[PDB]
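A short write-up of the structure that comes next.
Chain identifiers are assigned alphabetically (A, B, ...) following the order of the sequence lines, protein sequences preceding nucleic acid strands; residue numbering begins at 1 within each chain. Note that these values count all heavy atoms, side chains included, but never hydrogens, waters or copies made by symmetry.
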Amino acid sequence: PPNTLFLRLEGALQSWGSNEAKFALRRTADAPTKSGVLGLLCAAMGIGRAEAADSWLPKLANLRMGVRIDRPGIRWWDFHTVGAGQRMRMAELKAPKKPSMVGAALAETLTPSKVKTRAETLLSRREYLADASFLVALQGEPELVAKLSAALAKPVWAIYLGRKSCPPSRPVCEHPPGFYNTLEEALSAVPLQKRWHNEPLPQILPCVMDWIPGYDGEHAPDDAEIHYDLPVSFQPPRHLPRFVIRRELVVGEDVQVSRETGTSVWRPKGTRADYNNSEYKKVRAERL
Amino acid sequence: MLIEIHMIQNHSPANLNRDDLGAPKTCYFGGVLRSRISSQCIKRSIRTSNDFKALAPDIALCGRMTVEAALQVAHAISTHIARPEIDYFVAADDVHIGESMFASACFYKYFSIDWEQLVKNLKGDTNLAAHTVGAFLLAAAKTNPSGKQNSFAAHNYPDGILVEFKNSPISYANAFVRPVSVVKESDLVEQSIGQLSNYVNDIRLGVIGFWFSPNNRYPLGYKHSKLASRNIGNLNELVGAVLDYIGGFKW
Amino acid sequence: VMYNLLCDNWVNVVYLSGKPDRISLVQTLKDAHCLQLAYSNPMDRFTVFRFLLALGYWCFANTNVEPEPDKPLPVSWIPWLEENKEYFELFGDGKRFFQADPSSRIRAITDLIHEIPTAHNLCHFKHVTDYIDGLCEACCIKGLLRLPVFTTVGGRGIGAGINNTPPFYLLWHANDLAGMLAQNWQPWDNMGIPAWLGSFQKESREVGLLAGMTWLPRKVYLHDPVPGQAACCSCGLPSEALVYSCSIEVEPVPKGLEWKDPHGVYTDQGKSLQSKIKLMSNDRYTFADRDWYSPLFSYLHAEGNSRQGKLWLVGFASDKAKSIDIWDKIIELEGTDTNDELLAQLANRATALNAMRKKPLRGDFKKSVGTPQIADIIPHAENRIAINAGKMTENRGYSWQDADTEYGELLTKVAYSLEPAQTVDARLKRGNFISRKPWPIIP
Ligand SMILES: [Mg+2]
């Protein structure tokens, strides 16, 4: 039975936010995050934000994760404005007479007229990756893999690429599950697809993997980094650190290249019939 | 189920969305630069419009402050290479040369609607959801962003719409990896529609859909192919067909 | 009711085996070499390390044992902190940690945290409401540690902290807590009295290290926690009774007060050197990326000099009482000399990028924004260039001309959009356009 499942993340625009976004400047990571993938799987299966934290996120946390960067996108920035021609909500509230009551007790007395608004325009800048493709392999129990593949075949809710304005360009369940021993073999099994006949093709594909602890102990190596993308909750968000390593695969020996398998340019139809074709002479004789 | 809407629309020289420096918004695709119209402009262009004002609706479709909106709008992208242009202007006195930016492009737009979410947000009502879907289709067909419209009266209408009922969400941006090059025996919109046709001619070889063009001006498929289940020349008839397929409601 | 920083768990760490945990100060000093400090926000990762460094300085001053490299922390440090258990308390009627006497200026506990909106701030990216959601004890401790380093002006009648505008913060990085403590150990002859000790006094001129590192520009009380079953709005941990309100008063900084921060970066005139990031591109600014090249000429010539290691940079942009952004970076430095002119040119690159952007496509016009398409491609080129930051700083194999190559492909792509013609004039114009690059300007 298969033990790993594959996901393809491709689109015109996508974003995977990083921990360095606490203000109106929202940046993105170079590779898809574990939290984003787990949230996509939860949305596909149909678990809400308050239910995922109960015995659905711990189960998916045990899965091993690895991403292969087929083609990387270009970092692009978008200027975003909020609330022009309207009023924005403020967080200011009247101080209580005594500190005895706060929170739920004071929330029951909240009224629509108690809130305060101000006429302003919020400014922000947001980062996206343009023309990027990623392959994610998740390894673990076979029953969970089968359930995830079945859910991904028909999603309960709409699935996007980190932000709701980023719909996929290719099906997420393009590659069927298989059986492999290590993440490297699973990532090398799926081939690499071209889009048209003559285009630049990367000679070396980077890959970002989780770091297996190996035997008991085995302190992390000196090239291991800390990523704060282990999901614990979604409302309110809560993330934990994890160790991540980077490797590479050189195409032509471990990753193959697929053909075009299609037509790009449309072009009009065919005029200019032939006066030497036998069919033309036959139909001309018949018409005569 | 999910209802997906694909639109192809050509716009006259205008500036419908610009950045802090006053230039039209852009993006990178297919190894080239393309024009872009932001998603939060098309939204708030379809929304807050007088035409769209036709269990509180307009919140189930687009939420506000765990409403879980059922409408998804993507970023409008161009089918060719971006061609920004600069206009030089001066101001008279009737008693200093400035420059402005403008561009013209053909855009592909993608919308998605989740029927089950719309029904659940309406507390079981099913006729109201169908009415909302029809109203949204009519509003999206006949609305444009209110940018520099007083100086660029760009009020063009879409030249082609496709409605699909696929099992999984997917966009056809990959049909425009190669930018469209205009030839003498065709035009830009026709070539874009042909490129779209040669992306559903495939896929199926290696669901149903409704195609709409004004008075059958541009037919999907440059042949007698059955790539479209029905071809309709009227917007109201397209709305009626979609309404029927949703489960048999009358517009 | 009762909470002690030596017993209760408030320090978030990750063990080198790969297990996240929340431990106490005593256990943090016990292990100190099998774990790293784990914090999403660089601010906390900096203030917790500063607090640990101050505690180590105090323990060394009162014990006279230094931390040996590649070894556990000194044992005798632990009993001393056990003796002074009365000075580390968060509540109760008596001595309070980093707090003062109660007042009547009641404020919800959200101004201690910059990223969570409060008062007049707009609650769009973080849905919060005052006196409705609060913080846990660990977040209160983490927000009390931000006062000496990250306090800005309050508008009218309220001043900044000891360092005025919060400047860049540059230090050294290691893969374990003991290593980080051992690479920034430099003590002084005069230490002073720390704030967590008895009532701090401004007294006379001169400051020292312990007093300066723990300067408190505000008085806070931290009234009490109120029972409930809510969740913290900072970490998201599902917890029990939180605090909601406190009292804050302003302490002015007396004139004079000769102080030089061990980690801060200063300008030629003695003013603080701060990050220059903004959300918009005005006439005198072009948004590219993190400005990692700004606190380099000052650091590598005044304090820190050339030294093999990992330089950790923390930058926090601000404008009056408004927060903008925070970022961090790590640069691998070998410590191979320095060139004054090249380092000065590197320290002034935002002006070069602005000059490159402002050049119009043709002609010369007053008040012209200039080629906005270049600003769309500048951030990607800056991000690509920033990878070889260590080699660019020391000019080992990377140079300004080497980094100038990254713009070629993007400018070639832009030229097709700018000149979409199949004529000779368009091709010549594209050839002229391709050869644009920033020019180094030293003053
Ligand atoms: Mg907390």
Inset, instruction - Might you work through the salt bridge (charged side-chain N to carboxylate O under 4.0 Å, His left out) test for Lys194(A) and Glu260(A), ending with a clear yes or no? - result: CA-CA 6 Å; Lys194(A) 277 156 78 103; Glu260(A) 221 263 39; over 6 Å; no
Legend entry - Full working for side-chain contact (heavy atoms from CB on, under 4.5 Å) between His80(A) and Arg26(A): CA-CA 11 Å; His80(A) 192 126; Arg26(A) 338 280 301 173; over 6 Å; no
Legend entry - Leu41(A) and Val37(A): CA distance, side-chain angles, deciding distance, side-chain contact (heavy atoms from CB on, under 4.5 Å) verdict: CA-CA 6 Å; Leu41(A) 299 173; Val37(A) 165; 4.2 Å; yes
Inset, instruction - Mind running side-chain contact (heavy atoms from CB on, under 4.5 Å) on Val136(A) and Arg68(A) for me, showing each step along the way? - result: CA-CA 7 Å; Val136(A) 183; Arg68(A) 186 184 88 192; over 6 Å; no
Inset, instruction - Given side-chain hydrogen bond (donor to acceptor under 3.5 Å, both in side chains), test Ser45(B) with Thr143(B) step by step and report yes or no. - result: CA-CA 7 Å; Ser45(B) 90; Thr143(B) 324; over 6 Å; no
Inset, instruction - Begin from the C-alpha positions of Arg217(B) and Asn215(B) and carry the test side-chain contact (heavy atoms from CB on, under 4.5 Å) through to its verdict. - result: CA-CA 5 Å; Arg217(B) 194 162 149 100; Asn215(B) 202 19; 5.7 Å; no
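Taking 4.5 Å as the limit, every side-chain heavy atom of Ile77(B) sits out of range of all side-chain heavy atoms of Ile37(B). Within the 4.5 Å cutoff, no side-chain heavy atoms of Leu2(B) are placed close to those of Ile113(B). Side-chain atoms of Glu4(B) and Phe165(B), non-hydrogen and from C-beta on, never get closer than 4.5 Å to each other. Looking at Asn236(B) and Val239(B), their side chains never come closer than 4.5 Å, going by heavy atoms from C-beta outward. Using a 4.5 Å cut-off on side-chain heavy atoms (C-beta onward), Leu13(A) and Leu129(A) make no contact. Looking only at side-chain heavy atoms (C-beta outward), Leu135(A) and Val67(A) stay at 4.5 Å or farther from each other. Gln193(A) places a side-chain heavy atom less than 4.5 Å from the side chain of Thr261(A). Under the 4.5 Å side-chain criterion, counting only non-hydrogen atoms from C-beta, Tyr157(B) is not in contact with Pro214(B).
Within a 6.0 Å radius of NZ in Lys250(B), other residues, nucleotides and ligands contribute 12 heavy atoms or fewer. Counting non-hydrogen atoms of neighbouring residues, nucleotides and ligands closer than 6.0 angstrom, the NZ atom of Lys43(B) exceeds 12 such neighbours. Within 6.0 Å of CD in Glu174(A) there are more than 12 heavy atoms belonging to other residues, nucleotides or ligands.
Screening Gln195(B), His6(B), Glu164(B) for a side chain to side chain donor-acceptor pair (under 3.5 Å) involving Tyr172(B) leaves a single residue, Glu164(B).
Side chains of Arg44(B) and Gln86(A): a donor on one and an acceptor on the other come within 3.5 Å. Under 3.5 Å, the side chains of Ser18(A) and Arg27(A) contain no donor-acceptor pair of N or O atoms. A donor-acceptor contact under 3.5 angstrom links the side chains of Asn174(B) and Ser169(A), judged on distance only. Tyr218(B) and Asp187(B) share a donor-acceptor pair across their side chains, judged by distance under 3.5 Å alone. Side-chain atoms of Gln72(B) and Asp114(B) include no donor-acceptor pair closer than 3.5 Å.
Minimum heavy-atom separation, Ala139(B) to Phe52(B): CB-CD1, 3.8 Å. Across all non-hydrogen atoms, the minimal contact from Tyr110(B) to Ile170(B) is CE1-O, 3.8 Å. Smallest separation of non-hydrogen atoms from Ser229(B) and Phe210(B): OG-CE2, 4.4 Å. Shortest non-hydrogen contact noted between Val156(A) and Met45(A) is CG2-O, 3.8 Å. Nearest heavy atoms, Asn167(B) versus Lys154(A): OD1-CE, 3.3 Å. Among all heavy-atom pairs drawn from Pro145(B) and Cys41(B), the shortest one is CB-SG, 3.6 Å.
Expressed to the nearest 0.5 Å, how far OG of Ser225(B) lies from CG of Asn198(B) amounts to 9.5 Å. For the atom pair CG (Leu201(A)) and CG (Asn198(A)), the distance works out to 10.5 Å, reported to the nearest 0.5 Å. Separation of atoms CH2 (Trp211(B)) and CG (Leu220(B)) is listed at 5.0 Å; rounding is to 0.5 Å. Rounding to the nearest 0.5 Å gives a distance of 8.5 Å between NZ of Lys148(B) and CG of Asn150(B). One finds the CG atom of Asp159(B) at 6.5 Å from the CD1 atom of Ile193(B) (value rounded to the nearest 0.5 Å). Separating the CD atom in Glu419(C) from the CZ atom in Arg83(B) is a distance of 13.5 Å, to the nearest 0.5 Å.
Using cut-offs of 30° and 60° on the angle between ring planes, the pair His131(B) and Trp251(B) is tilted. The aromatic rings of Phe136(B) and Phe111(B) sit perpendicular to each other, their planes meeting at more than 60°, with 30° as the lower class boundary.
Under a 3.5 Å cut-off, the side chain of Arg47(B) and the backbone N or O of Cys62(B) do form a donor-acceptor pair. Although no hydrogens or angles enter the test, the distance criterion places a donor-acceptor pair under 3.5 Å between the side chain of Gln9(B) and the main chain of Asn156(B). Using modelled atom types, one side-chain atom of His80(B) and one backbone atom of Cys106(B) make a donor-acceptor pair closer than 3.5 Å. A donor-acceptor pair under 3.5 Å is absent between the side-chain atoms of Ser197(B) and the main chain of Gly194(B), judged by distance alone. Using a distance-only test at 3.5 Å, with no hydrogens or angles considered, a donor-acceptor pair links the side chain of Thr132(B) to the main chain of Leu128(B). Side-chain atoms of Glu127(A) do not come within 3.5 Å of backbone N or O of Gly17(A) as any donor-acceptor pair. Looking at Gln14(A), its side chain does come within 3.5 Å of a backbone N or O of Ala132(A) through a donor-acceptor pair. Under a 3.5 Å cut-off, the side chain of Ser213(B) and the backbone N or O of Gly160(B) do not form any donor-acceptor pair. Judged by distance alone, with hydrogens and angles left aside, the side-chain atoms of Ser49(B) form a donor-acceptor pair with the main-chain N or O of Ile46(B) at under 3.5 Å. When atom types are taken as modelled, the side chain of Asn121(B) and the backbone of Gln117(B) share a donor-acceptor pair closer than 3.5 angstrom.
For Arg34(B) and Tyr108(B), the positive end is not near the middle of the six-membered ring at less than 6.0 Å and at most 45° from its axis.
We find that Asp202(B) and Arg204(B) are not joined by a salt bridge, their nearest charged nitrogen and carboxylate oxygen being 4.0 Å or further apart. Note on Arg195(A) versus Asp131(A): salt bridge recorded, some NZ/NE/NH1/NH2 to OD/OE distance being below 4.0 Å.
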Could you pull out all donor-acceptor pairs under 3.5 Å where a side-chain atom in residues 17-30 of chain B meets a protein atom, sequence neighbours excluded?
unit_1: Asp19(B); atom_1: OD1; unit_2: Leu21(B); atom_2: N; d: 2.6
unit_1: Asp20(B); atom_1: OD2; unit_2: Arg125(A); atom_2: NH2; d: 2.8
unit_1: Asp20(B); atom_1: OD2; unit_2: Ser281(C); atom_2: N; d: 3.2
unit_1: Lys25(B); atom_1: NZ; unit_2: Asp78(A); atom_2: OD1; d: 2.9
unit_1: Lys25(B); atom_1: NZ; unit_2: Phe79(A); atom_2: O; d: 2.8
unit_1: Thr26(B); atom_1: OG1; unit_2: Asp376(C); atom_2: OD2; d: 3.2

